[PDB]
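Written below as structure tokens is the structure these notes are about.
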Amino acid sequence: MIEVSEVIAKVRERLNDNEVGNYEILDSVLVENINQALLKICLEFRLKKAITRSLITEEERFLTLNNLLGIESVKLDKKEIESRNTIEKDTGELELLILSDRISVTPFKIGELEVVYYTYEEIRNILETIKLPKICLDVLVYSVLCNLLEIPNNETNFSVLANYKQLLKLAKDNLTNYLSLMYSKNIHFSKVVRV
Amino acid sequence: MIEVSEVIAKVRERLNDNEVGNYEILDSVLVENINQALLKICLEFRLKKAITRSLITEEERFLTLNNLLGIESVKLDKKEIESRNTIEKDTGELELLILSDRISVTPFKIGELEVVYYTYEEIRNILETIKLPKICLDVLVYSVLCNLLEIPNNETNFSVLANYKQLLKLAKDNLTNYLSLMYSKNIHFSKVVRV
Amino acid sequence: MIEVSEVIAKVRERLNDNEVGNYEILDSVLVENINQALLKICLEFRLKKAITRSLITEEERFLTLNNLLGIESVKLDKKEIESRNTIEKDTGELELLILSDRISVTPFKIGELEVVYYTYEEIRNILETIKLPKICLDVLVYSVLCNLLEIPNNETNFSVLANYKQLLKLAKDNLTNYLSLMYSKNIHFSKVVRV
Amino acid sequence: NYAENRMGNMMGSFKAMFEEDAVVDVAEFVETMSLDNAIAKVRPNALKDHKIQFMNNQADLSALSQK
Amino acid sequence: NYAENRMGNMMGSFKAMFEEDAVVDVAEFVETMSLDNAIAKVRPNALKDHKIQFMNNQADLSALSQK
């Protein structure tokens with residue numbers, strides 16, 4: 001778990017804005033930028049998988065998720081749902097209807113939905129805590145810092161942004177190392193193709 | 001959903017015009033540029049699919065759509081309409097007539113039209129809300145920002161525009177990542193060609 | 001539909017001439033340049049197809065079109081007219097005579113002409129409206145703006161013109177995207193050659 | 001039987017490493033790409049970055065034929 | 001018997017040196033890579049750095065066939 005205070009402190013130090021009195025960058029701006037960074041980080045690395053198992057009937061037809069990034073598996077009464085669409089097809093094959101963070105089934109059928117998806121748990125207060133591995137700290141800083149360096153404070157801000165991009169790439173490499181060590185098999189040989 | 005206030009604030013900060021009193025760029029200009037950005041974003045990525053199922057008879061012959069970008073499927077009484085034209089051919093094969101956001105059928109036949117198309121839902125007020133995924137925020141900023149950087153405020157505005165173009169390209173890559181994770185199949189192998 | 005006011009405003013802003021009192025560039029010049037831009041845009045992209053079905057007899061021998069760009073199909077009594085010429089051949093094969101926005105048939109025969117061609121609907125007032133897709137706005141600005149940047153106001157006007165040329169190329173790419181999505185088939189495979 | 005079915009799978013199919021931001025609707029792209037007459041429309045500037053790597057599938061057709 | 005089983009292992013399989021930060025879930029990647037129709041989705045900017053080195057497995061098929 002990462003506290004927001006330490007991310008904020010590192011960003012303030014890096015922006016030469018570690019002054020309690022002045023705060024040229026408002027904390028609302030920093031919290032919004034941290035939300036954006038959490039968005040990008042959780043989308044690119046698929047950090048948070050969530051499972052929701054609800055029921056849809058004729059009364060309520062939609063399943064309201066929260067902070068949706070992507071759906072990787074849908075079951076309806078232990079039956080695979082195959083295609084995804086946003087158009088509300090009248091009849092045909094059974095597809096999953098996505099309505100911008102509302103989930104239903106296109107040629108509607110009474111039943112239950114077991115959906116696997118991805119989530120943010122974004123923050124709104126400086127005293128909150130980000131439920132992410134500590135290795136994700138440097139990728140949060142260096143990603144939110146590139147978002148703020150492009151305020152035209154200095155004539156050489158974009159070269160500094162370019163340097164921070166490489167630093168961010170290295171941080172992402174570290175994060176990938178961690179994720180592979182956690183959630184991946186410890187294998188050393190491949191399997192023969194069986195057809 | 002994205003509020004217009006946060007897009008506007010980021011653009012103002014980036015243009016060194018975050019001054020409440022002065023506002024060198026009028027808010028009408030920003031809202032028009034945001035409409036242009038929504039145009040380009042929704043066209044390139046085909047974000048919004050809409051379905052309209054109306055009826056055309058001899059009394060009213062045209063179907064007035066709104067904020068049209070493209071037609072991807074037309075049915076007339078559950079019959080595929082094949083070609084598209086803007087010339088009002090007298091007779092021949094059955095074609096779809098497009099009249100700059102008015103839809104009809106060229107060798108006119110009484111019936112119904114089921115049309116799938118693309119839409120803007122553009123904005124007109126600063127207090128409105130853009131119904132788009134939050135990941136689309138950075139592509140809205142960096143695209144509207146390149147539209148304003150080419151006001152000749154500075155002699156080095158075009159290099160800054162070039163940097164923002166690369167930033168926009170990365171934002172579009174993130175958006176494509178999101179769209180693939182949402183509205184695309186989770187597959188890992190191809191199918192054999194069957195002829 | 002695009003209002004002329006917004007094109008004019010963007011051009012004025014881009015030329016550092018957004019001053020109501022001064023107007024270093026007269027509005028007649030801007031409207032003429034916008035007419036030129038509409039010319040080039042409608043010619044290159046074949047935006048406007050028009051059909052005219054009139055009758056030619058011995059009394060009046062010519063068909064006066066308007067804002068002609070090109071002819072893509074001619075029928076005379078549902079008979080294809082093959083070749084085009086401007087020389088008034090006395091006898092021979094049946095050809096279409098073009099006389100700088102006057103259409104007739106070369107070895108003249110009484111009948112009717114069904115002609116498909118291209119049109120401008122150019123503008124003459126600042127309060128008019130351009131009947132074009134909104135996506136065509138940026139191609140109108142960036143094309144009329146390159147026409148005005150080459151007034152020798154500045155010693156670095158041609159590099160700015162070169163930058164605006166690339167911007168115009170991107171705008172044309174967007175316009176081609178839109179046109180393909182509108183007036184083209186939604187196909188994903190080719191057909192086998194049948195000889 | 002294994003060699004005949006694996007050789008029937010090797011030809012008539014393609015393998016590729018995709019990045020997760022190469023094209024929108026990558027399942028749709030690999031459906032239309034599996035045909036022998038493929039008109040695949042991708043996003044703009046997706047041919048100059050090379051985020052798709054088509055790997056050579058038939059590196060083992062001759063050896064499997066001989067075996 | 002050793003030559004037949006080793007030649008059946010050599011073709012129909014691949015070997016590669018991975019870095020420990022090449023891609024997330026490297027076991028998942030080598031599961032989908034072992035197929036003859038592989039659609040492997042990797043992390044962004046993983047095709048331009050070359051952190052995976054696919055080594056040539058069948059450098060010994062012909063000599064084992066002759067032996």
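By order in the structure tokens, chains are A, B, ...; within a chain, residues start at 1; ligands start at 1, following the order shown.
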
Shell of 7 Å around residue 168 of chain B, only C-alpha atoms, local chain residues under 4 positions omitted, as a list in words: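 Once the adjacent positions are removed, what remains is residues 139, 142, 143, 164 and 172 of chain B.
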
Residue selection dump (N, CA and C atoms) as a short mmCIF file (atom, residue, chain, number, x, y, z; two decimals), in the first residue's frame:
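Written out: out_33.cif:
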data_model
loop_
_atom_site.label_atom_id
_atom_site.label_comp_id
_atom_site.auth_asym_id
_atom_site.auth_seq_id
_atom_site.Cartn_x
_atom_site.Cartn_y
_atom_site.Cartn_z
N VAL B 139 -6.44 12.60 -24.59
CA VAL B 139 -6.56 12.78 -26.03
C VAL B 139 -7.41 14.00 -26.37
N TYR B 142 -4.72 17.11 -25.41
CA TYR B 142 -3.60 17.20 -26.34
C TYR B 142 -4.05 17.42 -27.77
N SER B 143 -5.29 17.07 -28.11
CA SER B 143 -5.77 17.37 -29.45
C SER B 143 -6.31 18.78 -29.57
N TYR B 164 3.67 18.20 -28.57
CA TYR B 164 2.32 17.80 -28.19
C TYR B 164 1.73 16.80 -29.17
N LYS B 172 -3.40 8.46 -27.77
CA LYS B 172 -4.20 7.62 -28.64
C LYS B 172 -3.84 6.15 -28.49
#

message: Just list as a PyMOL selection string whatever in chain C DSSP marks as helix (DSSP H, G or I).
response: chain C and resi 4-14+27-45+134-148+157-183

- prompt: segment 86-127 of chain C: which residues are strand (DSSP E or B) by DSSP, as a ChimeraX atom specification?
  reply: /C:95-98,103-105,111-118

task: Determine which residues of chain E sit within 8 Å of chain A, taking into account only C-alpha atoms, and present them as a ChimeraX atom specification.
output: /E:9,12-15,20-28,30-31,34-36,43-44

Output file for the selection above: C-alpha atoms, as a short mmCIF file (atom, residue, chain, number, x, y, z; two decimals), in the first residue's frame:
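See part-v1.cif below for the written result:
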data_model
loop_
_atom_site.label_atom_id
_atom_site.label_comp_id
_atom_site.auth_asym_id
_atom_site.auth_seq_id
_atom_site.Cartn_x
_atom_site.Cartn_y
_atom_site.Cartn_z
CA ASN E 9 11.01 -32.59 -29.15
CA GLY E 12 7.17 -28.72 -32.42
CA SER E 13 8.77 -26.61 -29.68
CA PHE E 14 10.70 -23.37 -29.26
CA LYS E 15 13.45 -22.13 -26.96
CA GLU E 20 13.10 -11.14 -16.05
CA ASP E 21 11.26 -7.94 -17.08
CA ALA E 22 10.39 -8.79 -20.68
CA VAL E 23 6.63 -9.29 -20.32
CA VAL E 24 4.12 -9.75 -17.52
CA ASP E 25 3.04 -13.39 -16.94
CA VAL E 26 5.83 -15.04 -18.90
CA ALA E 27 4.37 -18.51 -18.26
CA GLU E 28 1.15 -17.37 -19.94
CA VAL E 30 5.05 -19.34 -23.35
CA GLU E 31 1.74 -21.21 -23.16
CA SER E 34 3.75 -22.88 -28.10
CA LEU E 35 0.75 -23.07 -30.44
CA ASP E 36 1.12 -22.97 -34.21
CA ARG E 43 2.83 -5.08 -22.96
CA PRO E 44 3.39 -1.86 -24.94
#

task: Enter the distance from atom CA of residue 45 of chain E to atom CA of residue 122 of chain A, in Å, rounded to one decimal.
output: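 Straight-line distance from atom CA of residue 45 of chain E to atom CA of residue 122 of chain A works out to 25.8 Å.
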
message: Can you pull out the residues contacting residue 26 of chain C? Cut-off 12 Å, using only C-alpha atoms, and skip same-chain residues under 3 positions away; I want them as a ChimeraX atom specification.
response: /C:8,12,17,19-23,29-33,126,148

Take the residues from that selection and write them out as a compact mmCIF listing (two decimals), in the first residue's frame, keeping N, CA and C atoms.
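See part_10.txt below for the written result:
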# COMPACT_ATOMS: atom_id res chain seq x y z
N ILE C 8 -13.85 32.36 -40.68
CA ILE C 8 -13.22 33.67 -40.71
C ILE C 8 -12.55 33.97 -39.38
N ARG C 12 -8.63 34.74 -38.83
CA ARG C 12 -8.20 35.99 -38.22
C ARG C 12 -7.32 35.74 -37.01
N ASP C 17 -4.56 38.74 -36.61
CA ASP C 17 -5.37 39.84 -37.09
C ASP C 17 -6.80 39.72 -36.57
N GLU C 19 -8.55 41.71 -34.77
CA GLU C 19 -8.87 43.04 -34.28
C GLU C 19 -10.03 43.60 -35.09
N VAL C 20 -11.13 43.90 -34.41
CA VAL C 20 -12.34 44.34 -35.11
C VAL C 20 -12.10 45.66 -35.83
N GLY C 21 -11.42 46.60 -35.18
CA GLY C 21 -11.20 47.90 -35.76
C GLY C 21 -10.30 47.91 -36.97
N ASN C 22 -9.19 47.18 -36.90
CA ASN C 22 -8.15 47.34 -37.92
C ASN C 22 -8.48 46.56 -39.19
N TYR C 23 -8.57 45.23 -39.09
CA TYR C 23 -8.84 44.37 -40.24
C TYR C 23 -7.86 44.66 -41.38
N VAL C 29 -11.27 40.03 -49.48
CA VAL C 29 -10.14 39.14 -49.74
C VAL C 29 -10.36 37.78 -49.11
N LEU C 30 -10.85 37.77 -47.87
CA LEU C 30 -11.10 36.49 -47.21
C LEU C 30 -12.19 35.71 -47.91
N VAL C 31 -13.26 36.37 -48.35
CA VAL C 31 -14.31 35.60 -49.01
C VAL C 31 -13.82 35.07 -50.35
N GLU C 32 -13.00 35.83 -51.07
CA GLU C 32 -12.45 35.31 -52.32
C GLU C 32 -11.52 34.13 -52.06
N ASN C 33 -10.69 34.22 -51.02
CA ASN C 33 -9.80 33.12 -50.70
C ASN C 33 -10.58 31.89 -50.24
N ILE C 126 -20.32 37.20 -45.68
CA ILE C 126 -19.75 36.69 -44.44
C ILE C 126 -20.80 35.97 -43.60
N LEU C 148 -2.73 32.86 -47.52
CA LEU C 148 -2.51 34.20 -47.01
C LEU C 148 -1.18 34.37 -46.32

All in-order C-alpha pairs, least squares, chain D moved onto chain E. Output the fitted coordinates as a PDB file with C-alpha atoms, in the first residue's frame, please.
ATOM      1  CA  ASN D   1      14.714 -44.214 -29.647  1.00  0.00           C
ATOM      2  CA  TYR D   2      16.674 -41.255 -28.239  1.00  0.00           C
ATOM      3  CA  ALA D   3      17.095 -39.701 -31.691  1.00  0.00           C
ATOM      4  CA  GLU D   4      13.412 -40.121 -32.567  1.00  0.00           C
ATOM      5  CA  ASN D   5      12.168 -38.643 -29.288  1.00  0.00           C
ATOM      6  CA  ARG D   6      14.715 -35.806 -29.334  1.00  0.00           C
ATOM      7  CA  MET D   7      13.795 -34.952 -32.924  1.00  0.00           C
ATOM      8  CA  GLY D   8      10.129 -34.996 -31.950  1.00  0.00           C
ATOM      9  CA  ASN D   9      11.009 -32.593 -29.145  1.00  0.00           C
ATOM     10  CA  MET D  10      13.160 -30.320 -31.331  1.00  0.00           C
ATOM     11  CA  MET D  11      10.505 -29.615 -33.927  1.00  0.00           C
ATOM     12  CA  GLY D  12       7.168 -28.716 -32.417  1.00  0.00           C
ATOM     13  CA  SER D  13       8.773 -26.613 -29.678  1.00  0.00           C
ATOM     14  CA  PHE D  14      10.697 -23.372 -29.262  1.00  0.00           C
ATOM     15  CA  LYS D  15      13.449 -22.130 -26.965  1.00  0.00           C
ATOM     16  CA  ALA D  16      14.039 -18.548 -25.895  1.00  0.00           C
ATOM     17  CA  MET D  17      16.111 -16.530 -23.455  1.00  0.00           C
ATOM     18  CA  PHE D  18      13.884 -14.108 -21.560  1.00  0.00           C
ATOM     19  CA  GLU D  19      14.862 -11.220 -19.408  1.00  0.00           C
ATOM     20  CA  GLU D  20      13.101 -11.138 -16.054  1.00  0.00           C
ATOM     21  CA  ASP D  21      11.264  -7.937 -17.078  1.00  0.00           C
ATOM     22  CA  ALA D  22      10.390  -8.786 -20.684  1.00  0.00           C
ATOM     23  CA  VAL D  23       6.629  -9.286 -20.324  1.00  0.00           C
ATOM     24  CA  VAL D  24       4.121  -9.751 -17.523  1.00  0.00           C
ATOM     25  CA  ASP D  25       3.041 -13.387 -16.940  1.00  0.00           C
ATOM     26  CA  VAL D  26       5.831 -15.043 -18.905  1.00  0.00           C
ATOM     27  CA  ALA D  27       4.373 -18.509 -18.263  1.00  0.00           C
ATOM     28  CA  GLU D  28       1.152 -17.369 -19.944  1.00  0.00           C
ATOM     29  CA  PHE D  29       3.219 -16.046 -22.862  1.00  0.00           C
ATOM     30  CA  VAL D  30       5.048 -19.340 -23.348  1.00  0.00           C
ATOM     31  CA  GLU D  31       1.742 -21.213 -23.157  1.00  0.00           C
ATOM     32  CA  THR D  32       0.182 -19.216 -26.000  1.00  0.00           C
ATOM     33  CA  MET D  33       3.491 -19.076 -27.900  1.00  0.00           C
ATOM     34  CA  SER D  34       3.753 -22.882 -28.098  1.00  0.00           C
ATOM     35  CA  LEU D  35       0.752 -23.066 -30.441  1.00  0.00           C
ATOM     36  CA  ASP D  36       1.118 -22.966 -34.215  1.00  0.00           C
ATOM     37  CA  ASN D  37      -1.518 -20.199 -34.337  1.00  0.00           C
ATOM     38  CA  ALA D  38      -0.252 -17.791 -31.694  1.00  0.00           C
ATOM     39  CA  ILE D  39      -1.946 -14.471 -30.997  1.00  0.00           C
ATOM     40  CA  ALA D  40       0.205 -13.272 -28.100  1.00  0.00           C
ATOM     41  CA  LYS D  41      -0.680  -9.881 -26.634  1.00  0.00           C
ATOM     42  CA  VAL D  42       2.303  -8.322 -24.859  1.00  0.00           C
ATOM     43  CA  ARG D  43       2.829  -5.085 -22.960  1.00  0.00           C
ATOM     44  CA  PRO D  44       3.389  -1.856 -24.939  1.00  0.00           C
ATOM     45  CA  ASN D  45       6.905  -1.086 -26.228  1.00  0.00           C
ATOM     46  CA  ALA D  46       7.946  -4.733 -25.846  1.00  0.00           C
ATOM     47  CA  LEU D  47       8.764  -5.213 -29.544  1.00  0.00           C
ATOM     48  CA  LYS D  48      11.319  -2.390 -29.830  1.00  0.00           C
ATOM     49  CA  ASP D  49      13.599  -3.281 -26.898  1.00  0.00           C
ATOM     50  CA  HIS D  50      14.282  -6.976 -27.723  1.00  0.00           C
ATOM     51  CA  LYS D  51      14.192  -8.467 -24.238  1.00  0.00           C
ATOM     52  CA  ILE D  52      13.244 -11.862 -25.733  1.00  0.00           C
ATOM     53  CA  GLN D  53      15.769 -13.861 -27.774  1.00  0.00           C
ATOM     54  CA  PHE D  54      14.237 -16.806 -29.640  1.00  0.00           C
ATOM     55  CA  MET D  55      17.090 -19.267 -30.110  1.00  0.00           C
ATOM     56  CA  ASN D  56      17.266 -21.632 -33.070  1.00  0.00           C
ATOM     57  CA  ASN D  57      16.113 -25.030 -31.840  1.00  0.00           C
ATOM     58  CA  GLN D  58      16.547 -27.104 -35.008  1.00  0.00           C
ATOM     59  CA  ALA D  59      20.279 -26.803 -35.507  1.00  0.00           C
ATOM     60  CA  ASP D  60      20.533 -30.584 -35.093  1.00  0.00           C
ATOM     61  CA  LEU D  61      17.632 -32.103 -37.045  1.00  0.00           C
ATOM     62  CA  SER D  62      19.637 -33.099 -40.118  1.00  0.00           C
ATOM     63  CA  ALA D  63      22.563 -34.633 -38.232  1.00  0.00           C
ATOM     64  CA  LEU D  64      20.205 -36.608 -35.996  1.00  0.00           C
ATOM     65  CA  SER D  65      18.294 -37.813 -39.077  1.00  0.00           C
ATOM     66  CA  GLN D  66      21.524 -39.019 -40.697  1.00  0.00           C
ATOM     67  CA  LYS D  67      22.678 -40.675 -37.471  1.00  0.00           C
TER      68      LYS D  67
END

message: What's the separation between atom CA of residue 3 of chain C and atom CA of residue 138 of chain C, in Å to one decimal place?
response: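 Between atom CA of residue 3 of chain C and atom CA of residue 138 of chain C the gap is 12.8 Å.
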
query: Counting only C-alpha atoms, which residues from chain B have an atom at most 9 Å from any atom of chain C, and could you show them as an NGL selection string?
result: :B and (32 or 36 or 39-40 or 43-44 or 68-73 or 82-89 or 98 or 100-101 or 150-153 or 158)

query: Which distance in Å separates atom CA of residue 56 of chain B and atom CA of residue 90 of chain B, to one decimal?
result: 17.5 Å

Which residues are close to residue 54 of chain C, i.e. within 8 Å by only C-alpha atoms, leaving aside same-chain residues fewer than 3 positions away? Reply as a tab-separated table (two decimals) with C-alpha atoms, in the first residue's frame.
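Contents of around26.tsv, as written:
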chain	number	residue	atom	x	y	z
C	63	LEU	CA	-26.90	23.22	-71.47
C	112	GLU	CA	-32.11	14.95	-73.77
C	113	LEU	CA	-28.95	15.06	-71.66
C	114	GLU	CA	-28.58	13.40	-68.27

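Non-sequential neighbours of residue 121 of chain B (distance at most 9 Å, separation of 2 or more positions within a chain, only C-alpha atoms) are residues 38, 66, 67, 119, 123, 130 and 131 of chain B.
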
Expected file contents, prior selection, C-alpha atoms, as a compact mmCIF listing (two decimals), in the first residue's frame:
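Final file, selection-v9.txt:
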# COMPACT_ATOMS: atom_id res chain seq x y z
CA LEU B 38 -14.81 15.52 -30.20
CA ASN B 66 -27.86 14.01 -36.11
CA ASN B 67 -24.10 14.52 -36.01
CA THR B 119 -22.62 10.37 -33.41
CA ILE B 123 -21.23 20.24 -26.10
CA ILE B 130 -18.73 14.75 -22.03
CA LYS B 131 -20.06 11.18 -22.05
